[PDB]
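Structure file query-v4.txt; described as compact mmCIF, C-alpha atoms.
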# COMPACT_ATOMS: atom_id res chain seq x y z
CA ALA A 1 -127.76 121.27 -15.32
CA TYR A 2 -127.07 117.53 -15.59
CA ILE A 3 -128.05 116.07 -12.22
CA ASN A 4 -128.07 112.57 -13.77
CA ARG A 5 -124.30 112.22 -13.31
CA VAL A 6 -124.77 112.80 -9.58
CA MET A 7 -127.21 109.88 -9.61
CA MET A 8 -124.67 107.86 -11.62
CA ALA A 9 -122.18 108.80 -8.90
CA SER A 10 -124.31 106.56 -6.66
CA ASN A 11 -122.69 103.30 -7.74
CA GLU A 12 -120.33 103.61 -4.76
CA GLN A 13 -123.21 102.90 -2.41
CA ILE A 14 -122.68 99.36 -3.66
CA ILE A 15 -119.05 99.92 -2.64
CA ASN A 16 -120.30 101.34 0.67
CA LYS A 17 -122.45 98.34 1.56
CA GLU A 18 -119.77 95.89 0.39
CA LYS A 19 -117.09 97.54 2.51
CA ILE A 20 -119.45 97.39 5.50
CA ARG A 21 -119.91 93.71 4.60
CA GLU A 22 -116.19 92.91 4.47
CA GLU A 23 -115.64 95.10 7.54
CA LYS A 24 -118.09 93.13 9.67
CA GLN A 25 -116.45 90.01 8.21
CA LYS A 26 -113.10 91.40 9.41
CA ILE A 27 -114.49 92.16 12.87
CA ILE A 28 -116.06 88.73 13.34
CA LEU A 29 -112.86 87.13 12.00
CA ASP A 30 -110.39 88.79 14.33
CA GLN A 31 -112.90 88.57 17.18
CA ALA A 32 -112.92 84.80 16.67
CA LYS A 33 -109.11 84.91 16.47
CA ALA A 34 -108.83 86.84 19.74
CA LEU A 35 -111.42 84.58 21.39
CA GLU A 36 -109.65 81.38 20.47
CA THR A 37 -106.20 82.69 21.38
CA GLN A 38 -107.69 83.81 24.71
CA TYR A 39 -108.95 80.27 25.25
CA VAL A 40 -105.76 78.53 24.13
CA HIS A 41 -103.69 80.91 26.24
CA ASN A 42 -105.95 80.42 29.25
CA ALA A 43 -106.07 76.63 29.02
CA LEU A 44 -102.40 76.14 28.25
CA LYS A 45 -101.14 77.04 31.72
CA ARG A 46 -104.28 76.34 33.73
CA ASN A 47 -103.27 73.65 36.31
CA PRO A 48 -102.33 69.97 36.27
CA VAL A 49 -104.60 67.40 37.83
CA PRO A 50 -102.62 65.31 40.34
CA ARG A 51 -102.15 61.64 39.59
CA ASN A 52 -100.71 59.86 42.63
CA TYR A 53 -99.51 60.86 46.07
CA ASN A 54 -97.62 57.80 47.28
CA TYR A 55 -94.30 59.42 48.16
CA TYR A 56 -91.96 58.71 51.04
CA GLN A 57 -88.80 60.49 52.06
CA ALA A 58 -85.69 59.68 54.05
CA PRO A 59 -83.25 62.37 55.20
CA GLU A 60 -79.72 61.32 56.07
CA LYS A 61 -78.50 63.80 58.68
CA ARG A 62 -79.35 67.48 59.33
CA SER A 63 -81.46 67.57 56.18
CA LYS A 64 -84.14 69.77 57.70
CA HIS A 65 -83.15 72.83 55.66
CA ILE A 66 -83.52 70.81 52.45
CA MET A 67 -86.55 68.56 53.04
CA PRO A 68 -89.48 68.79 50.62
CA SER A 69 -92.94 69.07 52.11
CA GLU A 70 -95.81 68.18 49.75
CA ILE A 71 -94.82 66.10 46.73
CA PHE A 72 -97.05 64.74 43.98
CA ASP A 73 -97.05 64.32 40.20
CA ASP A 74 -99.33 64.24 37.17
CA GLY A 75 -97.92 61.24 35.31
CA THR A 76 -95.59 63.48 33.28
CA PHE A 77 -94.09 66.05 35.67
CA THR A 78 -93.22 65.68 39.35
CA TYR A 79 -94.14 68.61 41.59
CA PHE A 80 -92.10 69.07 44.75
CA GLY A 81 -93.41 71.50 47.29
CA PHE A 82 -90.92 73.17 49.59
CA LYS A 83 -91.45 75.61 52.39
CA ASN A 84 -89.64 78.93 52.28
CA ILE A 85 -87.54 78.36 55.40
CA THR A 86 -85.93 75.52 53.47
CA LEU A 87 -83.32 76.08 50.80
CA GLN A 88 -83.33 74.87 47.18
CA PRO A 89 -81.68 71.48 46.62
CA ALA A 90 -80.08 70.10 43.53
CA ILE A 91 -82.67 67.58 42.37
CA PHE A 92 -81.45 64.35 40.81
CA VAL A 93 -83.10 61.35 39.22
CA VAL A 94 -81.62 58.03 40.30
CA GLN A 95 -80.77 55.97 37.24
CA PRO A 96 -81.74 52.29 37.66
CA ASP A 97 -78.10 51.21 37.96
CA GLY A 98 -77.91 53.38 41.08
CA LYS A 99 -76.21 56.36 39.45
CA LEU A 100 -77.54 59.90 39.18
CA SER A 101 -78.91 61.98 36.33
CA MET A 102 -79.24 65.75 36.33
CA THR A 103 -82.59 66.70 34.81
CA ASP A 104 -84.09 69.99 33.72
CA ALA A 105 -86.35 71.59 36.29
CA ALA A 106 -87.91 74.92 37.12
CA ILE A 107 -89.72 76.64 39.93
CA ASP A 108 -93.29 76.69 38.72
CA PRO A 109 -94.60 80.24 39.23
CA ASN A 110 -98.24 79.39 38.57
CA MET A 111 -98.72 76.93 41.43
CA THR A 112 -99.02 78.40 44.92
CA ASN A 113 -100.94 75.55 46.52
CA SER A 114 -100.98 75.66 50.35
CA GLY A 115 -98.44 78.49 50.38
CA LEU A 116 -95.46 76.48 49.21
CA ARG A 117 -92.64 76.84 46.71
CA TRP A 118 -93.41 74.48 43.88
CA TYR A 119 -90.59 72.99 41.87
CA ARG A 120 -91.35 70.64 39.00
CA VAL A 121 -89.05 68.17 37.33
CA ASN A 122 -89.75 66.76 33.90
CA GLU A 123 -89.45 63.05 34.65
CA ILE A 124 -91.27 60.30 36.51
CA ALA A 125 -88.89 57.98 38.34
CA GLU A 126 -88.69 55.88 41.46
CA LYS A 127 -85.90 57.46 43.52
CA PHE A 128 -85.14 61.18 43.69
CA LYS A 129 -82.05 62.48 45.41
CA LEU A 130 -82.23 66.00 46.78
CA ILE A 131 -78.61 66.93 47.30
CA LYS A 132 -76.73 69.83 48.72
CA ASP A 133 -73.09 69.49 49.76
CA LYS A 134 -73.54 67.24 52.79
CA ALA A 135 -77.26 67.19 53.55
CA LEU A 136 -79.36 65.06 51.25
CA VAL A 137 -82.75 63.41 51.28
CA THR A 138 -83.97 60.49 49.18
CA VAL A 139 -87.56 60.47 47.90
CA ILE A 140 -89.02 57.02 47.24
CA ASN A 141 -91.84 56.72 44.70
CA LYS A 142 -93.97 53.91 46.04
CA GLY A 143 -96.63 54.80 43.48
CA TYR A 144 -94.37 54.37 40.47
CA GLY A 145 -96.16 53.05 37.42
CA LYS A 146 -99.51 52.57 39.11
CA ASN A 147 -101.39 55.40 37.36
CA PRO A 148 -99.71 56.44 34.12
CA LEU A 149 -101.43 58.20 31.24
CA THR A 150 -102.55 56.35 28.14
CA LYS A 151 -100.61 58.53 25.65
CA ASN A 152 -100.66 62.29 25.01
CA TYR A 153 -98.58 65.01 23.33
CA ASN A 154 -99.18 68.23 25.30
CA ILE A 155 -99.44 68.81 29.07
CA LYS A 156 -103.14 69.59 29.03
CA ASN A 157 -105.08 67.29 26.75
CA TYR A 158 -106.35 69.93 24.31
CA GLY A 159 -103.30 69.78 22.10
CA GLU A 160 -102.21 71.29 18.81
CA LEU A 161 -100.13 69.87 15.98
CA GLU A 162 -98.65 70.76 12.61
CA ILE B 1 -94.89 44.55 19.23
CA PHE B 2 -95.75 43.50 15.68
CA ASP B 3 -94.54 44.07 12.13
CA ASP B 4 -95.71 44.29 8.53
CA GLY B 5 -93.04 42.22 6.78
CA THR B 6 -90.95 45.34 6.11
CA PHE B 7 -90.99 47.47 9.27
CA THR B 8 -91.17 46.37 12.90
CA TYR B 9 -93.48 48.37 15.16
CA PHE B 10 -92.66 48.42 18.86
CA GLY B 11 -95.28 49.79 21.16
CA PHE B 12 -94.14 51.30 24.43
CA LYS B 13 -96.12 52.78 27.26
CA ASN B 14 -95.37 56.32 28.36
CA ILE B 15 -94.20 55.43 31.86
CA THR B 16 -91.37 53.57 30.14
CA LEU B 17 -88.36 55.33 28.68
CA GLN B 18 -86.98 55.11 25.14
CA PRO B 19 -84.35 52.39 24.61
CA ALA B 20 -81.61 52.22 22.07
CA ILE B 21 -82.93 49.60 19.67
CA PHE B 22 -80.45 47.20 18.10
CA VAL B 23 -80.65 44.42 15.53
CA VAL B 24 -78.68 41.32 16.47
CA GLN B 25 -76.44 40.34 13.59
CA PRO B 26 -76.41 36.55 13.00
CA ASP B 27 -72.86 36.22 14.35
CA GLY B 28 -74.21 37.51 17.68
CA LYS B 29 -73.01 41.10 17.27
CA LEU B 30 -75.15 44.23 17.17
CA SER B 31 -76.16 46.64 14.43
CA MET B 32 -77.52 50.13 14.97
CA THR B 33 -80.41 50.71 12.57
CA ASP B 34 -82.39 53.78 11.62
CA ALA B 35 -85.66 54.16 13.48
CA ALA B 36 -88.25 56.77 14.28
CA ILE B 37 -91.21 57.30 16.54
CA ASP B 38 -94.15 56.91 14.20
CA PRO B 39 -96.49 59.85 14.83
CA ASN B 40 -99.39 58.45 12.81
CA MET B 41 -99.96 55.30 14.86
CA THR B 42 -101.67 55.74 18.22
CA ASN B 43 -103.08 52.23 18.55
CA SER B 44 -104.26 51.35 22.08
CA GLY B 45 -102.75 54.55 23.48
CA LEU B 46 -99.11 53.57 23.08
CA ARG B 47 -95.91 55.14 21.82
CA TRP B 48 -95.13 53.47 18.53
CA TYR B 49 -91.54 53.18 17.40
CA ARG B 50 -90.75 51.53 14.08
CA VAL B 51 -87.47 50.11 12.91
CA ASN B 52 -86.71 49.51 9.26
CA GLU B 53 -85.61 45.87 9.42
CA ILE B 54 -87.04 42.42 10.03
CA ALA B 55 -84.75 40.26 12.14
CA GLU B 56 -84.88 37.53 14.72
CA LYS B 57 -83.37 39.08 17.86
CA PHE B 58 -83.77 42.70 18.93
CA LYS B 59 -81.81 44.13 21.81
CA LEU B 60 -83.36 47.07 23.62
CA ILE B 61 -80.46 48.57 25.51
CA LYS B 62 -79.97 51.34 27.97
CA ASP B 63 -76.85 51.51 30.13
CA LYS B 64 -77.51 48.52 32.38
CA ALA B 65 -81.12 47.51 31.79
CA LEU B 66 -81.77 45.64 28.57
CA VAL B 67 -84.42 43.36 27.14
CA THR B 68 -84.10 40.89 24.27
CA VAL B 69 -87.01 40.45 21.84
CA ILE B 70 -87.18 37.06 20.14
CA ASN B 71 -88.93 36.83 16.76
CA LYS B 72 -90.49 33.40 16.78
CA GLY B 73 -92.42 34.33 13.65
CA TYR B 74 -89.36 35.17 11.58
CA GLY B 75 -89.74 34.32 7.92
CA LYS B 76 -93.16 32.73 8.24
CA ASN B 77 -95.17 35.47 6.47
CA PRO B 78 -92.98 37.63 4.23
CA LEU B 79 -94.21 39.66 1.29
CA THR B 80 -93.82 38.47 -2.27
CA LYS B 81 -91.93 41.57 -3.52
CA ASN B 82 -92.85 45.27 -3.49
CA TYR B 83 -91.23 48.70 -3.84
CA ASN B 84 -93.25 51.12 -1.67
CA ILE B 85 -94.74 50.65 1.81
CA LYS B 86 -98.34 50.61 0.63
CA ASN B 87 -98.80 48.62 -2.55
CA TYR B 88 -100.00 51.47 -4.78
CA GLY B 89 -96.52 52.53 -5.78
CA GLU B 90 -95.00 55.02 -8.18
CA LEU B 91 -91.87 54.84 -10.32
CA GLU B 92 -89.79 56.85 -12.76

File written out as structure tokens:
Amino acid sequence: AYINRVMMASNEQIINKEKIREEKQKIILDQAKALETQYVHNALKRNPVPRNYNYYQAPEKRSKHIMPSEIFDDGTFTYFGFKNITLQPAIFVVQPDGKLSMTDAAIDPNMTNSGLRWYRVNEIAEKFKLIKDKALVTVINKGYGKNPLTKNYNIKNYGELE
Amino acid sequence: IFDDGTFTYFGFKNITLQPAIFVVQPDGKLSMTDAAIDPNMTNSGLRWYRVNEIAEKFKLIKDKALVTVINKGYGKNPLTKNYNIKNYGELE
């Protein structure tokens, strides 16, 4: 009866406490990973703060089914707010020679302020045509260049880089 | 706008757009030069845009709007002679 080898089979309690050590290290590591990706996913699409409101509009003729309602910006993007009884125009940025420029745009699904349909464009300019085939309406930015940003890289100013 | 004797750093706002920069050749013609937005410089909250030449007139051209930059400090402070941008340079 050599019970001493059973006692020398207790060097894996060192292995036991070290695997509990690296396991709680693993749990705190991926818990910090999940926490920070929760934060950077929550504060990536949060909301934009508005920057200026000084927007006028001028419809030509029978542009009531195309007229925007509440328009503002954030210094980077311009948020148009339509009703739902209105249709969806083709938005255009007036180039400073007077010509037009088709820009990328999307209906923003996150914003539902005041029960509108929000539609952002990715430019800040002074005149915006909203054109369907005959009806159109021109939006005049009388707050152009009054409140810009200083300089940033991401939409919210908690930005990442590599 | 400033320079370092080798590169010329333009500093834009962000409400402005991004022109096509051009170096005026001394006959009066233009010359497209290589340029890049410098990501390291964020002085005064601007968009820095360096070109790789030192000249006297710089056109900044989009389709109808343009602006001419006049170097009234051209050739007043050059370098002596160097090989790299910072003067701790390597060679083989």

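Of the residues listed (B:65, B:55, B:32, B:20), B:65 shows the shortest atom-to-atom separation from chain A; distances use only C-alpha atoms.
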
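Contacts from chain A to chain B at a cut-off of 7 Å (all atoms listed in the file) map to residues 97, 145, 148, 149, 150 and 151 of chain A.
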
message: Applying 10 Å and only C-alpha atoms, which residues near residue 36 of chain B remain after dropping the ones on its own chain fewer than 5 positions away? List them as a count of residues only.
response: 6

Next on the checklist: If I take atom CA of residue 70 of chain A and atom CA of residue 85 of chain A, how far is one from the other in Å, to one decimal?
Outcome noted: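 If I compute the distance from atom CA of residue 70 of chain A to atom CA of residue 85 of chain A, I get 14.3 Å.
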
Among A:74, A:18, A:104, A:30, residue 155 of chain A is approached most closely, using only C-alpha atoms, by A:74

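Look at residue 159 of chain A: the protein and nucleic acid residues within 12 Å of it, using all atoms listed in the file and passing over chain neighbours fewer than 4 places away, are residues 40, 41, 43, 44, 152, 153, 154 and 155 of chain A.
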
From the list A:146, A:99, A:83, A:61, the nearest residue to residue 112 of chain A using all atoms listed in the file is A:83

Next item on the list: Excluding residue 57 of chain B and any residue of its chain fewer than 3 positions from it, enumerate the residues within 6 Å of it, using all atoms listed in the file, and give them as an MDAnalysis selection string.
Entry: chainID B and resid 24 69:70

Store the residues of this selection in a file with C-alpha atoms, as a short mmCIF file (atom, residue, chain, number, x, y, z; two decimals), keeping the file's coordinate frame.
data_model
loop_
_atom_site.label_atom_id
_atom_site.label_comp_id
_atom_site.auth_asym_id
_atom_site.auth_seq_id
_atom_site.Cartn_x
_atom_site.Cartn_y
_atom_site.Cartn_z
CA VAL B 24 -78.68 41.32 16.47
CA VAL B 69 -87.01 40.45 21.84
CA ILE B 70 -87.18 37.06 20.14
#

Taking all listed atoms of segment 62-79 of chain B, build the axis-aligned box, pad each of the six sides by 3 Å, then write its centre and edge lengths in Å to one decimal as AutoDock Vina command-line options.
--center_x -86.0 --center_y 42.1 --center_z 16.8 --size_x 24.3 --size_y 24.8 --size_z 37.1

Correct to one decimal, the distance atom CA of residue 138 of chain A-atom CA of residue 45 of chain A is 29.6 Å

From the list A:68, A:50, A:75, A:143, the nearest residue to residue 88 of chain A using all atoms listed in the file is A:68

For this session: Quick one: everything within 10 Å of residue 64 of chain A, counting only C-alpha atoms, minus sequence neighbours fewer than 2 positions away in the same chain. Send it as a ChimeraX atom specification.
Result: /A:59-62,66-68,85-87,135-137

Judged by all atoms listed in the file, the minimum distance to residue 56 of chain A among A:79, A:35, A:131, A:71 is found for A:71

Which value, in Å to one decimal, gives the distance between atom CA of residue 47 of chain A and atom CA of residue 34 of chain A?
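So the two atoms, atom CA of residue 47 of chain A and atom CA of residue 34 of chain A, lie 21.9 Å apart.
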
Write out as number ranges by chain the residues lying within 9 Å of residue 129 of chain A, counting only C-alpha atoms and excluding same-chain residues fewer than 6 positions away. A: 90-94, 100, 136-139

Please, could N, CA and C atoms be added to segment 23-53 of chain B and the result written as a PDB file, in the coordinates of the input?
ATOM      1  N   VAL B  23     -80.411  45.659  16.259  1.00  0.00           N
ATOM      2  CA  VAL B  23     -80.650  44.420  15.530  1.00  0.00           C
ATOM      3  C   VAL B  23     -79.461  43.507  15.757  1.00  0.00           C
ATOM      4  N   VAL B  24     -79.733  42.301  16.240  1.00  0.00           N
ATOM      5  CA  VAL B  24     -78.680  41.320  16.470  1.00  0.00           C
ATOM      6  C   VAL B  24     -78.254  40.738  15.133  1.00  0.00           C
ATOM      7  N   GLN B  25     -77.009  40.989  14.752  1.00  0.00           N
ATOM      8  CA  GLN B  25     -76.440  40.340  13.590  1.00  0.00           C
ATOM      9  C   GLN B  25     -76.300  38.839  13.848  1.00  0.00           C
ATOM     10  N   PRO B  26     -76.389  38.014  12.797  1.00  0.00           N
ATOM     11  CA  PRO B  26     -76.410  36.550  13.000  1.00  0.00           C
ATOM     12  C   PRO B  26     -75.111  35.956  13.526  1.00  0.00           C
ATOM     13  N   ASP B  27     -74.017  36.710  13.611  1.00  0.00           N
ATOM     14  CA  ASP B  27     -72.860  36.220  14.350  1.00  0.00           C
ATOM     15  C   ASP B  27     -73.023  36.395  15.854  1.00  0.00           C
ATOM     16  N   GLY B  28     -74.022  37.158  16.285  1.00  0.00           N
ATOM     17  CA  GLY B  28     -74.210  37.510  17.680  1.00  0.00           C
ATOM     18  C   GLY B  28     -73.956  38.973  17.970  1.00  0.00           C
ATOM     19  N   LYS B  29     -73.349  39.704  17.042  1.00  0.00           N
ATOM     20  CA  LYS B  29     -73.010  41.100  17.270  1.00  0.00           C
ATOM     21  C   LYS B  29     -74.238  41.976  17.051  1.00  0.00           C
ATOM     22  N   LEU B  30     -74.057  43.274  17.249  1.00  0.00           N
ATOM     23  CA  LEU B  30     -75.150  44.230  17.170  1.00  0.00           C
ATOM     24  C   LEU B  30     -75.050  45.059  15.903  1.00  0.00           C
ATOM     25  N   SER B  31     -76.148  45.736  15.580  1.00  0.00           N
ATOM     26  CA  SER B  31     -76.160  46.640  14.430  1.00  0.00           C
ATOM     27  C   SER B  31     -77.160  47.741  14.705  1.00  0.00           C
ATOM     28  N   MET B  32     -76.662  48.963  14.834  1.00  0.00           N
ATOM     29  CA  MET B  32     -77.520  50.130  14.970  1.00  0.00           C
ATOM     30  C   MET B  32     -78.258  50.381  13.667  1.00  0.00           C
ATOM     31  N   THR B  33     -79.583  50.450  13.736  1.00  0.00           N
ATOM     32  CA  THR B  33     -80.410  50.710  12.570  1.00  0.00           C
ATOM     33  C   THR B  33     -81.171  52.014  12.732  1.00  0.00           C
ATOM     34  N   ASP B  34     -81.557  52.589  11.598  1.00  0.00           N
ATOM     35  CA  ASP B  34     -82.390  53.780  11.620  1.00  0.00           C
ATOM     36  C   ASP B  34     -83.789  53.438  12.110  1.00  0.00           C
ATOM     37  N   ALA B  35     -84.372  54.373  12.846  1.00  0.00           N
ATOM     38  CA  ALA B  35     -85.660  54.160  13.480  1.00  0.00           C
ATOM     39  C   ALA B  35     -86.260  55.513  13.781  1.00  0.00           C
ATOM     40  N   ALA B  36     -87.574  55.532  13.947  1.00  0.00           N
ATOM     41  CA  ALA B  36     -88.250  56.770  14.280  1.00  0.00           C
ATOM     42  C   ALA B  36     -89.507  56.436  15.060  1.00  0.00           C
ATOM     43  N   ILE B  37     -89.909  57.366  15.899  1.00  0.00           N
ATOM     44  CA  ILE B  37     -91.210  57.300  16.540  1.00  0.00           C
ATOM     45  C   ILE B  37     -92.236  57.618  15.475  1.00  0.00           C
ATOM     46  N   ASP B  38     -93.159  56.706  15.246  1.00  0.00           N
ATOM     47  CA  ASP B  38     -94.150  56.910  14.200  1.00  0.00           C
ATOM     48  C   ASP B  38     -95.289  57.756  14.732  1.00  0.00           C
ATOM     49  N   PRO B  39     -95.468  58.984  14.241  1.00  0.00           N
ATOM     50  CA  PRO B  39     -96.490  59.850  14.830  1.00  0.00           C
ATOM     51  C   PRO B  39     -97.894  59.524  14.381  1.00  0.00           C
ATOM     52  N   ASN B  40     -98.053  58.738  13.320  1.00  0.00           N
ATOM     53  CA  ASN B  40     -99.390  58.450  12.810  1.00  0.00           C
ATOM     54  C   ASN B  40    -100.090  57.400  13.650  1.00  0.00           C
ATOM     55  N   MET B  41     -99.353  56.407  14.130  1.00  0.00           N
ATOM     56  CA  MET B  41     -99.960  55.300  14.860  1.00  0.00           C
ATOM     57  C   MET B  41    -100.129  55.673  16.320  1.00  0.00           C
ATOM     58  N   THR B  42    -101.359  55.587  16.810  1.00  0.00           N
ATOM     59  CA  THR B  42    -101.670  55.740  18.220  1.00  0.00           C
ATOM     60  C   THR B  42    -102.582  54.608  18.659  1.00  0.00           C
ATOM     61  N   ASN B  43    -102.256  53.393  18.230  1.00  0.00           N
ATOM     62  CA  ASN B  43    -103.080  52.230  18.550  1.00  0.00           C
ATOM     63  C   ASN B  43    -102.960  51.906  20.028  1.00  0.00           C
ATOM     64  N   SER B  44    -104.117  51.768  20.682  1.00  0.00           N
ATOM     65  CA  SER B  44    -104.260  51.350  22.080  1.00  0.00           C
ATOM     66  C   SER B  44    -103.644  52.346  23.067  1.00  0.00           C
ATOM     67  N   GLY B  45    -103.350  53.561  22.617  1.00  0.00           N
ATOM     68  CA  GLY B  45    -102.750  54.550  23.480  1.00  0.00           C
ATOM     69  C   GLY B  45    -101.332  54.198  23.865  1.00  0.00           C
ATOM     70  N   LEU B  46    -100.496  53.953  22.871  1.00  0.00           N
ATOM     71  CA  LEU B  46     -99.110  53.570  23.080  1.00  0.00           C
ATOM     72  C   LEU B  46     -98.203  54.597  22.422  1.00  0.00           C
ATOM     73  N   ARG B  47     -96.904  54.410  22.591  1.00  0.00           N
ATOM     74  CA  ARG B  47     -95.910  55.140  21.820  1.00  0.00           C
ATOM     75  C   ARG B  47     -95.315  54.177  20.816  1.00  0.00           C
ATOM     76  N   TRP B  48     -95.599  54.396  19.544  1.00  0.00           N
ATOM     77  CA  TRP B  48     -95.130  53.470  18.530  1.00  0.00           C
ATOM     78  C   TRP B  48     -93.785  53.916  18.003  1.00  0.00           C
ATOM     79  N   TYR B  49     -92.938  52.933  17.740  1.00  0.00           N
ATOM     80  CA  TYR B  49     -91.540  53.180  17.400  1.00  0.00           C
ATOM     81  C   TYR B  49     -91.168  52.111  16.388  1.00  0.00           C
ATOM     82  N   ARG B  50     -91.016  52.498  15.132  1.00  0.00           N
ATOM     83  CA  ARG B  50     -90.750  51.530  14.080  1.00  0.00           C
ATOM     84  C   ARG B  50     -89.266  51.475  13.784  1.00  0.00           C
ATOM     85  N   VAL B  51     -88.789  50.280  13.481  1.00  0.00           N
ATOM     86  CA  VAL B  51     -87.470  50.110  12.910  1.00  0.00           C
ATOM     87  C   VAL B  51     -87.645  49.551  11.513  1.00  0.00           C
ATOM     88  N   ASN B  52     -86.622  49.757  10.690  1.00  0.00           N
ATOM     89  CA  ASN B  52     -86.710  49.510   9.260  1.00  0.00           C
ATOM     90  C   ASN B  52     -86.083  48.183   8.865  1.00  0.00           C
ATOM     91  N   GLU B  53     -86.142  47.185   9.736  1.00  0.00           N
ATOM     92  CA  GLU B  53     -85.610  45.870   9.420  1.00  0.00           C
ATOM     93  C   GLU B  53     -86.488  44.801  10.041  1.00  0.00           C
TER      94      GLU B  53
END
